[PDB]
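Below sits a lone chain in structure tokens, taken as the form deposited in one PDB entry.
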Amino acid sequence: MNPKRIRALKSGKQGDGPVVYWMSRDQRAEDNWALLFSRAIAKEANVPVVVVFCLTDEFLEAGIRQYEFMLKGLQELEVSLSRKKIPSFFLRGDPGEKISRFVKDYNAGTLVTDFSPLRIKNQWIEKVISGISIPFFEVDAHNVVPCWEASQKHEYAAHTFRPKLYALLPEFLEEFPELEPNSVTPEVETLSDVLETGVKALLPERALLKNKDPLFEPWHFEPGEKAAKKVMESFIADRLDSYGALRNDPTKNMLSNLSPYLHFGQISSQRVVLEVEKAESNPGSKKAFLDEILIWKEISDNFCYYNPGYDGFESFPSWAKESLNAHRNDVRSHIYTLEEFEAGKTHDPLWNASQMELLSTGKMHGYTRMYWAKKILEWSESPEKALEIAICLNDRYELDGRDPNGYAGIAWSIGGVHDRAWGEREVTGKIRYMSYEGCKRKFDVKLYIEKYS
């Protein structure tokens, strides 16, 4: 139990009621430091621990693909916490109003939440802090090394963040203790009813094709903590050996496919790292996978934590802002509207095929995501519009959307964040360029296009 994983958000007088875990980013019962630290405080206070999840009003800004994935996993989580005598309460509305009301009604003694550097999470914290008088703690349950401990500033490159993260691995990469159940039963609606009403509200905005048929295919990834562990086990046994060799081939399914589970926190990345470290596979493919799930994943939290404007043009490096400004008035080859990007109606068949994998599966290949966003910058009127369009289609149709990985991934493609300067071209400036012929020399672009008609 490392005290560097927990941070105090507000001091106060501890009540004599249950310890409340405001779960948000990490929706899992196992390998949850936030839940484990809440249980330890409750045990030392001779009081039970309870879980409170908030069903926010911002769900209509996404889709059914994300609403169903999250709520189906929360239904499985409700049973898991019930087996540990840990009751869960699912509130509907503003977190600033619901959490403050729950704390006062249930005589909460201490409040704990998990860590997320997103702007919307800091908005909820500001509202909750003003409405409570009990101690308020937060715990980094998503990163192996706490985001405030890995680096005290923003790291501009992966080769500067890698030696800092690996130096702290022997301290923070440890096994998880077992979640002790409550000593006894500690004495607001059914999730199935909340899913039915929310789906009916999202139905008019459902992504459809010409035949009025749904575009999304929900049989590619089954939600839940149990289905997440099966994906990890199958990846280590079948795909890890060839990961470093075929991670850049969109025609092969050699990725772990763990991001939808990782985003909603249905599986701990620290658990995935532990099982991969003890696995005996290709040393080149192991170094490649640990680079993505540790460095690039946690450098995205570093970027969002230390950059308030992580979604804006001001967070770009000075060399990128000066390069893009010098080419702002360059006549773009094409200018597509948001509705043309959304429906995949560009002159690039490779770009259209990437958008149809996004629309149909909700998880577009990691390599084509780089090409998909860089073409948005090439076919937009300004880098600012390219950011809005990329963020919109990302958060709406990706299952792992609305994640620090997405904003840091978009900043890398459009603004060269965590990148270097390259050959100066028109429109795109010194931002790294990915051409269509360059992709034809890396993989079979025809098979990727034909798969997503």
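Only residues modelled in both forms are compared. Note that the rigid core is defined as the largest set of C-alphas that superpose within 1.5 Å between two forms. Numbers follow the displayed sequence, beginning with 1.
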query = Does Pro117 have no coordinates in at least a third of the other PDB entries examined?
reply = no
Is it the case that, in at least a third of the other entries compared (those modelling both flanking residues), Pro186 has no coordinates?
yes
Per the record, the count of deposited residues between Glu187 and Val188 that have no coordinates is 4 to 9
When mean C-alpha B-factors in the record are compared for 366-374 and 188-196, the larger belongs to 188-196
Of 205-213 vs 147-155, the stretch with the larger average CA B-factor in the entry is 205-213
From the entry's CA B-factor values, the highest among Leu91, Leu324, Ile293, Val139 is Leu91
Residue set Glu233, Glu97, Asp311, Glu225, per-entry CA B-factor max assigned to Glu97
Assert third(CA B-factor, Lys72) within chain per record equals lowest
Assert third(CA B-factor, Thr56) within chain per record equals middle
Of the three thirds of Cα B-factor ranks in this chain, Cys439 occupies the highest
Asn307: CA B-factor among chain residues, third -> lowest
Of the three thirds of the chain ranked by Cα temperature factor, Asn253 occupies the middle
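Just so you know, the form deposited in another entry exists too; it's not on screen, but the next bit is about it.
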Across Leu195, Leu350, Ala227, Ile132, the single C-alpha shifting 2 angstroms or more between the shown form and the other one with the core held fixed is at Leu195
(Q) Quick check: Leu274 between the shown form and the other one - does its CA shift reach 2 Å or more after fitting the rigid core? (A) no
Quiz item: With the core lined up, does the C-alpha of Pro204 move 2 Å or more between the shown form and the other one?
Solution: yes
Rigid-core frame, C-alpha of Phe59, shift of 2 angstroms or more between the shown form and the other one | yes
Working note: in that other deposited form the C-alpha atoms of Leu71 and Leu203, off by 3 Å or more, come closer
Evidently the Cα separation of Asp213 and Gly366 changes by 3 Å or more in that other deposited form, so the atoms lie closer
Superposed on the core, the stretches of at least three consecutive shared residues with every Cα displaced by 2 Å or more between the shown form and the other one, in sequence order, are 59-61, 188-214
